[PDB]
Each structure stands twice: as structure tokens, then as C-alpha cells.
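Enquirer:
There are 2 protein chains.
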Amino acid sequence: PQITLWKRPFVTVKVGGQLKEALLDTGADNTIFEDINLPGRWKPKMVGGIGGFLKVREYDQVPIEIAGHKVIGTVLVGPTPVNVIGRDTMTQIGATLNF
Amino acid sequence: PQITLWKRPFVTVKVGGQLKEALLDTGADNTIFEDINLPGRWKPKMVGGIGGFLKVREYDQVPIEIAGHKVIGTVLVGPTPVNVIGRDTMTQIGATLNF
Ligand SMILES: CC(C)CN(C[C@@H](O)[C@H](Cc1cc(F)cc(F)c1)NC(=O)O[C@H]1[C@H]2CO[C@H]3OC[C@@H]1[C@H]3C2)S(=O)(=O)c1ccc2nc(NC3CC3)sc2c1
Ligand SMILES: [Y+2]
Ligand SMILES: [Y+2]
Ligand SMILES: [Y+2]
Ligand SMILES: [Y+2]
Ligand SMILES: [Y+2]
């Protein structure tokens, strides 16, 4: 799809089998969800934003269904106020910004 | 322009007469800069991100030159790690996301 930016750019995704909404966020390097459970091993990462840092678990090779595509990618899980789709996922679906 | 998202999407802007780089951020409602000074009255806001909140000053009717356009908009000023161009500025230049 093509969207304007008058509304927050939420999309519906399926991440590790769970249905979530998340913001298509060109300012986010990484993709981050709250309140999902993913199987297997993970690594700690502390990660930073405008208000400070967020502690997360980093999972590799997580299936994400987004915008008609299925991709496998890294997902961070931790208590973000808003779930975000970052550039690491958006590059996999060829997303572009016109301005 | 049209850009992919392999690179962080920085653009060069002139905001209140000062040259800055800022991330074109579809996850940001508002436009925020650190280390600029703007004239006149402002109102306190506190604003939220990942990891917490940022204290800012809100200025209205600020000049922003961006992507060959000159727009007037609201600018928040405070100690963000990265300057961001939010949807409040990007809508004024007709920006779209293609995914
Ligand atoms: C600030 C940016 C530079 C980074 N972020 C993305 C922004 O788009 C956020 C998205 C968001 C929107 C929200 F609504 C609430 C939120 F909690 C978060 N926007 C924002 O904070 O917006 C604010 C301000 C702008 O105006 C208004 O709009 C909403 C509010 C409000 C005030 S991030 O989330 O911190 C982030 C994401 C992934 C990531 N991956 C990483 N990689 C690892 C180190 C290797 S570091 C890293 C950092
Ligand atoms: Y590693
Ligand atoms: Y990893
Ligand atoms: Y990694
Ligand atoms: Y205002
Ligand atoms: Y500042």
C-alpha cells in the first residue's frame, strides 16, 4: 500500500503466531513488541529512546507477517508504550518514503 | 525525493535559522530538536518515548526549510538524543510511505 501520514501509521501484523498492531516507524532501527511470548533462546539488550532506555530480550529468526509478506527477522520484546516496526523489517518488504 | 530505508533517513533542515540534521520519523507525532534557540513565548510540555519522558518547550509558527519546501510549524525543543521530523511537519510536505 501507499499511505499518507495524517494518521499514525499502524499496521496489523502476526508476530510469532500472535496478532498485534504496530507503528511503521522509519525512526526505529529495530522492531519492538510488548506482551508477546516467543520461544527459545534470547540475548539481553538495553535499548534507548527519547525518554531513557528500555530493557528488552532479543530473539532472532522470528516469523513476522506484514503487508502481505512473510519475513523472518529479529524481534525485541519489552515494555514499549507502542509496538514498532523498524527499518530492519521494513527493508525486507522494500518500503520507501516519498517526500 | 524517494528513499529506501537501508540508511537512517536523515535530512538536512534549517529550523529557526539554524542548520541541523534530523531523522524523518513516521513514528513521531511531533518535530523535536535539541540545541536550538528560538525566539518568543513558548509553553511547557512533557512528552513520552521508549524508556520515559522528555521535558520540552513548545514553540508555534517556527520556520522549517525541509526538502525544498518552506513550512511553518510547531517545534519542540529539548534534549532528545536525535532530532526528529514528525508527522506534523511531514504532512505539510505531502510525504507518503510505500510498503
Ligand atoms: C526517538 C527515535 C530516535 C527512536 N524511536 C522511534 C520513534 O519513532 C518513537 C516511536 C514511539 C512512539 C510512541 F508514541 C511512543 C513510543 F514509546 C515510541 N517515537 C517517539 O518517541 O515519539 C514521541 C515523541 C514525538 O512526538 C510524539 O509522538 C510520539 C511521542 C511523542 C513525543 S524509539 O521508539 O525510541 C526506538 C525504536 C527502535 C529502536 N531500535 C533501536 N536499535 C537498537 C539500539 C540498536 S534504538 C530504537 C529506538
Ligand atoms: Y551475537
Ligand atoms: Y541477534
Ligand atoms: Y542483533
Ligand atoms: Y501550541
Ligand atoms: Y535542548
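In the order they appear, the protein sequences are chains Y and S.
Going left to right, the first sequence walks through residues 21 to 119 as this note's numbering numbers them.
Going left to right, the second sequence walks through residues 21 to 119 as this note's numbering numbers them.
Backbone N, C-alpha and C fix where the C-beta goes; we use that ideal spot for every residue, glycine too.
(1) Just to confirm, is the Cβ distance from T94(Y) to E78(Y) under 8 Å?
(2) Under DSSP, the alpha helix (DSSP H) around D108(Y) begins and ends at which residues?
(3) What in chain Y is Cβ-close to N118(S), meaning under 7 Å?
(4) For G98(S), tell me which candidate among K65(S), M110(S), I86(S), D45(S) has the shortest Cα-Cα distance.
(5) Whole angstroms is fine: what's the gap from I113(Y)'s alpha carbon to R61(S)'s?
(6) Going by CA-CA distance only, name the one from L74(S), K40(S), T46(S), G69(S) that's closest to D55(S).
(7) Can you find the residues in the same chain that come closer than 7 Å, C-beta to C-beta, to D108(Y), ignoring five residues on each side of it along the sequence?
(8) Could you tell me whether any Cβ in chain Y is nearer than 8 Å to the Cβ of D55(S)?
(9) Any idea if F53(Y) is buried or exposed, counting beta-carbon neighbours within 10 angstroms, 16 or more meaning buried?
(10) So, with DSSP's three-state summary, where would you put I56(Y)?
(11) State yes or no: is the C-beta of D108(Y) nearer than 7 Å to some heavy atom of ligand 3?
(12) Cβ of residue 10(S) within 8 Å of Cβ of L25(Y)?
(13) Return the Cβ separation of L43(S) and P29(S) in integer angstroms, given the expectation that the two are a contact with Cβ distance under 8 Å.
(14) Is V104(Y) close to chain S? Criterion is C-beta to C-beta, closer than 8 Å.
(15) Is there a Cβ of chain S sitting closer than 8 Å to that of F73(Y), yes or no?
(16) Under 7 Å: does the beta carbon of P59(S) sit that close to some heavy atom of ligand 6?
(17) Mind checking which residues open and close the beta strand (DSSP E) that includes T94(Y)?
Expert: Let's see:
(1) To locate residue 94(Y), count along the first sequence from 1; it is residue 74. To locate residue 78(Y), count along the first sequence from 1; it is residue 58. In this structure, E78(Y) lies closer than 8 Å to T94(Y) by Cβ.
(2) Stepping through the first sequence from its first residue, residue 108(Y) is reached at position 88. 107 to 110 is the span of the alpha helix (DSSP H), which, as asked, contains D108(Y).
(3) By one-based count along the second sequence, residue 118(S) stands at place 98. Within 7 Å Cβ-Cβ: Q22, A115, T116, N118.
(4) In the second sequence, counting from the first residue as 1, residue 98(S) sits at position 78. Per the Cα distances, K65(S).
(5) For the purposes of this step, residue 113(Y) is taken as residue 93 along the first sequence, with counting starting at 1. For the purposes of this step, residue 61(S) is taken as residue 41 along the second sequence, with counting starting at 1. The alpha-carbon atoms of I113(Y) and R61(S) are separated by roughly 44 Å.
(6) The count along the second sequence starts at 1 and reaches residue 55(S) at position 35. Nearest option by C-alpha distance: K40(S).
(7) Residue mapping note: residue 108(Y) aligns to position 88 of the first sequence, counting from 1. Hits under 7 Å: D49, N50, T51, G93, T94.
(8) Counted from its first residue, the second sequence places residue 55(S) at position 35. It does not; no Cβ of chain Y falls within 8 Å.
(9) Sequence index remark: in the first sequence, residue 53(Y) carries index 33 (1-based). That one is buried.
(10) Within the first sequence, the letter at position 36 stands for residue 56(Y). Of the three classes helix, strand and coil, the one that applies to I56(Y) here is coil, per DSSP.
(11) Within the first sequence, residue 108(Y) is the residue found at index 88, counting from 1. No, since every heavy atom of ligand 3 falls outside the 7 Å radius drawn around the Cβ of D108(Y).
(12) Residue 10(S) is absent from the model: chain S starts at 21 and stops at 119.
(13) Here residue 43(S) refers to the residue found at position 23 when the second sequence is read from its first residue. Here residue 29(S) refers to the residue found at position 9 when the second sequence is read from its first residue. That pair is a contact at about 6 Å.
(14) To locate residue 104(Y), count along the first sequence from 1; it is residue 84. Closer than 8 Å to some Cβ of chain S, the Cβ of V104(Y) qualifies, so yes.
(15) In the first sequence, the residue the question calls residue 73(Y) occupies position 53. So, interface residue.
(16) Working through the second sequence from its first residue, we reach residue 59(S) at position 39. Checking the Cβ of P59(S) against ligand 6 gives no.
(17) Here residue 94(Y) is taken as the residue at index 74 of the first sequence, counted from 1. Residues 89 to 97.
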